[PDB]
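Student:
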Amino acid sequence: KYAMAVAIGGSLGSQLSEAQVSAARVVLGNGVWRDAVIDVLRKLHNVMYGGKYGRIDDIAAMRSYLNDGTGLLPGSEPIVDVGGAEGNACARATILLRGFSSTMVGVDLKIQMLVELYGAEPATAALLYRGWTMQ
Amino acid sequence: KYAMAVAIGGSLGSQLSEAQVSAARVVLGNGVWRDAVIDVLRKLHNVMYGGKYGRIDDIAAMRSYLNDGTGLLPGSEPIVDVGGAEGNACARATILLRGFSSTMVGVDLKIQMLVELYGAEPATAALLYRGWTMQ
Amino acid sequence: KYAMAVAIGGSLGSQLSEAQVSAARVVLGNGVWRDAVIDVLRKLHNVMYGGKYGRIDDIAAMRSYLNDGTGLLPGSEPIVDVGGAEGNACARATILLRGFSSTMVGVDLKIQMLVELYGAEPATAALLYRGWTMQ
């Protein structure tokens, strides 16, 4: 949904509070995310953090960067730091879905977010870019 | 829904970003909006912009102002300017649904917004104004 | 829902506008709230306002404080003041559900809010606290 995406991606920012780090596992499932979630998260991380912390290449390298450690540029500090591993990984995954309400992420990636992260249909999410039908 | 209205009307403001201009076509349909949408949009535009840019009189003159051009006071500049026509009209339509979370728009118009713009029932949207049942 | 809770609890704050005071009766029902709503509201009021205005002890004393009057410390001014009784009581009830998006309220109470105030399942609201499944 559009409102769900907007609220989830506007509420959290720059400091994941004691109860915001799990917004990913709330929006997405809790088991293994399949491949479209991971590819969208990889594209979001690229667009939003490759200018400083280097990008990642493969969908399997996003998983290895997401859960356990890193894969960013050598010497660069973590994107986000909240606490232990089980919460730091979930925060590193959450910090990306705020890319919906960000001017850096294009409209096509916002549609891809609505399609893969949240439950929305491509034909009904297509009207995210402009167009007027004399309404 | 109340949360959908609040999030959609609080997220966007004063500068419709590259991917906010189509919030109207997202909330409303994409075809022709019928008459209740247009009347609510006309009332919102009156309340929110007639003090400066003049009001509009008829539901058919809201359509003619909405899609193609104007109809505001002679010499007054556009309410919002984002880009080409197909996106400028959708932005001029979007800039009104932020009237939910605005102190200028009364509570009766907020109920009318919930009833006509979003999908909500009048009997269940009636409890927008005060009243206490010893809960 | 998570997005509904976040939007409702982030939109309103510190000044309940002409059309925010009834967010409680919008989220909750309009009749008598049963006992879980009242206990969650009592815990929220304790955590958020007992440091200054004193806490309340019983679920039945939350009702007596909620609808008609008070029960706070002797000499302490009201938590929130909007207008007449029918709206002041609803504002005093609304000012608590903003505790979701507050660093003072713990994560267990956020889960309890999602479970009792809004419609969410305990097993599906349990993933509000950290944990990573190698997604």
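Chains as they are written, first to last, in the entry's author numbering: chain E, 1292 to 1426; chain C, 1292 to 1426; chain D, 1292 to 1426. All C-beta atoms, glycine included, are put in the ideal place defined by N, C-alpha and C.
Is it true that the stretch 1303-1316 of chain E meets the stretch 1380-1388 of chain E, where meeting means three or more beta-carbon pairs spaced less than 8 Å apart?
Tutor: yes
Student: Of the choices D/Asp-1326, D/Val-1338, D/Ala-1417, whose alpha-carbon is the least far from that of D/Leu-1408?
Tutor: Taking the third sequence and counting its residues from 1, one reaches residue 1408 of chain D at position 117. Residue D/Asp-1326 is the option with its Cα nearest to D/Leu-1408.
Student: Taking only three categories from DSSP, how would you classify D/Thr-1361?
Tutor: Locating residue 1361 of chain D in the third sequence gives position 70, counting from the first residue. Note: D/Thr-1361 maps to coil in three-state DSSP.
Student: Using C-beta distances below 7 Å, list every residue in its chain close to D/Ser-1355, excluding the 5 sequence neighbours before and after it, in chain order.
Tutor: As a first step, residue 1355 of chain D must be located in the third sequence, where it is residue number 64. Hits under 7 Å: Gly-1362.
Student: Which residue from E/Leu-1307, E/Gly-1301, E/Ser-1302, E/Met-1295 puts its Cα closest to that of E/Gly-1374?
Tutor: Locating residue 1374 of chain E in the first sequence gives position 83, where the first residue counts as 1. Taking only the C-alpha atoms, the option nearest E/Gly-1374 is E/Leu-1307.
Student: Answer yes or no: do C/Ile-1370 and C/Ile-1350 have a C-beta to C-beta separation smaller than 8 Å?
Tutor: Here residue 1370 of chain C refers to the residue found at position 79 when the second sequence is read from its first residue. Here residue 1350 of chain C refers to the residue found at position 59 when the second sequence is read from its first residue. No, they are not a contact pair.
Student: Taking C/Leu-1388 and C/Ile-1299 to be in contact with their CB atoms under 8 Å, please state how far apart those CB atoms are, rounded to whole angstroms.
Tutor: Residue numbering aside, residue 1388 of chain C sits at position 97 when the second sequence is read from its first letter. Residue numbering aside, residue 1299 of chain C sits at position 8 when the second sequence is read from its first letter. So it is a contact: roughly 6 Å between Cβ atoms.
Student: Count the CB pairs spanning the stretch 1330-1341 of chain E and the stretch 1395-1407 of chain E that are closer than 8 Å, and state whether there are at least three.
Tutor: yes
Student: Indicate whether at least one CB of chain E lies closer than 8 Å to the CB of D/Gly-1422.
Tutor: Your numbering for residue 1422 of chain D matches position 131 in the third sequence. So, interface residue.
Student: Just verifying my parser: in three-state terms, what is the DSSP assignment at C/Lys-1292?
Tutor: Translated into the one-based positions of the second sequence, residue 1292 of chain C becomes position 1. Correct three-state label for C/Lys-1292: coil.
Student: Can you give me the C-alpha to C-alpha distance between E/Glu-1412 and E/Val-1406, rounded to a whole angstrom?
Tutor: As a first step, residue 1412 of chain E is located in the first sequence; it is residue number 121 there, counting from the start. As a first step, residue 1406 of chain E is located in the first sequence; it is residue number 115 there, counting from the start. Their backbone Cα atoms lie some 6 Å apart in a straight line.
Student: Kindly indicate which residue of E/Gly-1360, E/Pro-1365, E/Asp-1330 has the alpha-carbon position closest to the one of E/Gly-1345.
Tutor: If you number the first sequence from 1, residue 1345 of chain E lands on position 54. Measuring from the Cα of E/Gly-1345, the nearest candidate turns out to be E/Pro-1365.
Student: For C/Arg-1421 versus D/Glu-1377, is the C-beta distance shorter than 8 Å?
Tutor: Indexing the second sequence from 1 puts residue 1421 of chain C at position 130. Indexing the third sequence from 1 puts residue 1377 of chain D at position 86. Cβ distance < 8 Å, so C/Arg-1421 and D/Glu-1377 count as in contact.
Student: Report the CB separation of D/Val-1331 from D/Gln-1403 in whole angstroms; it is logged as a contact under 8 Å.
Tutor: Counting from 1 along the third sequence, the entry for residue 1331 of chain D is found at position 40. Counting from 1 along the third sequence, the entry for residue 1403 of chain D is found at position 112. Going by Cβ atoms, the distance from D/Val-1331 to D/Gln-1403 rounds to 5 Å, so yes, they are a contact pair.
Student: Is the distance from the Cβ of residue 1430 of chain C to the Cβ of D/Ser-1302 below 8 Å?
Tutor: There is simply no residue 1430 of chain C to check, as chain C begins at 1292 and stops at 1426 in what is shown.
Student: Verify whether the separation of the beta carbon atoms of C/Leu-1400 and C/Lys-1334 is less than 8 Å.
Tutor: For the purposes of this step, residue 1400 of chain C is taken as residue 109 along the second sequence, with counting starting at 1. For the purposes of this step, residue 1334 of chain C is taken as residue 43 along the second sequence, with counting starting at 1. Cβ atoms of C/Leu-1400 and C/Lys-1334: closer than 8 Å.
Student: Below 9 Å between beta carbons is the criterion; list the residues of the stretch 1380-1400 of chain D that meet it against any residue of chain C, in chain order.
Tutor: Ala-1380, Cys-1381, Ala-1382, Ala-1384
Student: Going along chain C in order, which residues have a C-beta closer than 7 Å to the C-beta of E/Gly-1301?
Tutor: Here residue 1301 of chain E corresponds to residue number 10 of the first sequence, with the count starting at 1. Simply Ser-1302.
Student: Could you list which residues in chain E have their beta carbon closer than 8 Å to that of D/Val-1297, in chain order?
Tutor: On the third sequence, position 6 is the one that residue 1297 of chain D refers to. Annotation: Cβ neighbours of D/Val-1297 in chain E (cutoff 8 Å, chain order): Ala-1298, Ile-1299, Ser-1302.
Student: Could you name the residues of chain C that E/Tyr-1409 contacts, counting a contact when the two beta carbons are closer than 7 Å?
Tutor: Locating residue 1409 of chain E in the first sequence gives position 118, counting from the first residue. In chain order: nothing, as chain C lies at least about 13 Å away.
Student: Taking a cut of 9 Å between CB atoms, which residues from the stretch 1312-1343 of chain E lie near chain C?
Tutor: none
Student: Taking only beta-carbon positions, decide if D/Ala-1352 is within less than 8 Å of chain E.
Tutor: Here the question's residue 1352 of chain D lines up with position 61 in the third sequence. Not closer than 8 Å to any Cβ of chain E, the Cβ of D/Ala-1352 fails to qualify, so no.
Student: Per DSSP, what kind of secondary structure is D/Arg-1421 in: helix, strand or coil?
Tutor: Counting from one through the third sequence, the residue named residue 1421 of chain D turns up at place 130. Residue state, collapsed to three classes: coil.
Student: Short of 8 Å in beta carbon distance, which residues of its chain neighbour C/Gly-1342, apart from the five on each side in sequence? Order them along the chain.
Tutor: The residue given as residue 1342 of chain C occupies position 51 in the second sequence. Correct list: empty, nothing qualifies.
Student: Going along chain E, which residues have a C-beta under 8 Å from D/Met-1404?
Tutor: As a position in the third sequence, residue 1404 of chain D is number 113, starting the count at 1. None at all; the shortest Cβ gap to chain E is about 11 Å.
Student: Which chain C residues are close to E/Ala-1414, counting only those with a beta carbon under 9 Å from its beta carbon?
Tutor: Looking up residue 1414 of chain E in the first sequence gives position 123. Correct list: empty, because the minimum Cβ distance to chain C is about 11 Å.
Student: Please compile the residues from chain E whose C-beta is within a distance smaller than 7 Å of the C-beta of C/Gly-1360.
Tutor: In the second sequence, residue 1360 of chain C corresponds to position 69, counting from 1. Under the 7 Å cutoff, chain E gives no residues; its nearest Cβ is about 12 Å from C/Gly-1360.
Student: Kindly indicate the opening and closing residues of the alpha helix (DSSP H) around E/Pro-1413.
Tutor: Within the first sequence, numbered from 1, the residue matching residue 1413 of chain E stands at position 122. Per DSSP, E/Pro-1413 belongs to the alpha helix (DSSP H) from 1413-1416.
Student: Give me the chain C residues within the contact set of D/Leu-1357, using Cβ-Cβ distance strictly less than 8 Å, ordered along the chain.
Tutor: Numbered from 1 along the third sequence, position 66 holds the residue referred to as residue 1357 of chain D. What D/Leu-1357 touches in chain C: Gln-1426.
Student: Is there a Cβ of chain C sitting closer than 8 Å to that of E/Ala-1294, yes or no?
Tutor: Walking along the first sequence from the start, residue 1294 of chain E turns up at place 3. Closer than 8 Å to some Cβ of chain C, the Cβ of E/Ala-1294 qualifies, so yes.
Student: With a threshold of 7 Å on Cβ separation, who are the neighbours of C/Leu-1319 within its own chain once the five nearest residues in sequence on each side are excluded?
Tutor: Position 28 of the second sequence, counting from 1, holds the residue named residue 1319 of chain C. So the qualifying residues of the chain are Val-1328, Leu-1408.
Student: Taking the continuous alpha helix (DSSP H) assigned at E/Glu-1377, which residues delimit it?
Tutor: Translated into positions along the first sequence, residue 1377 of chain E becomes position 86. Taken as a continuous stretch (DSSP letters only), the alpha helix (DSSP H) holding E/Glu-1377 covers 1376-1388.
Student: List, in order along the chain, the chain C residues whose C-beta lies closer than 8 Å to that of E/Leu-1364?
Tutor: Taking the first sequence and counting its residues from 1, the one referred to as residue 1364 of chain E is at position 73. Listed along the chain, the chain C residues whose CB falls inside 8 Å of the CB of E/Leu-1364 amount to none; the nearest CB is some 28 Å away.
Student: As a quick exercise: from D/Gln-1426, D/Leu-1357, D/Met-1425, pick the residue whose alpha carbon is nearest that of C/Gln-1426.
Tutor: Position 135 of the second sequence, counting from 1, holds the residue named residue 1426 of chain C. If we check each option's Cα against that of C/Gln-1426, D/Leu-1357 comes out closest.
Student: Does the CB of E/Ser-1308 have a neighbour CB from chain D at under 8 Å?
Tutor: Within the first sequence, numbered from 1, the residue matching residue 1308 of chain E stands at position 17. It does; some Cβ of chain D falls within 8 Å.
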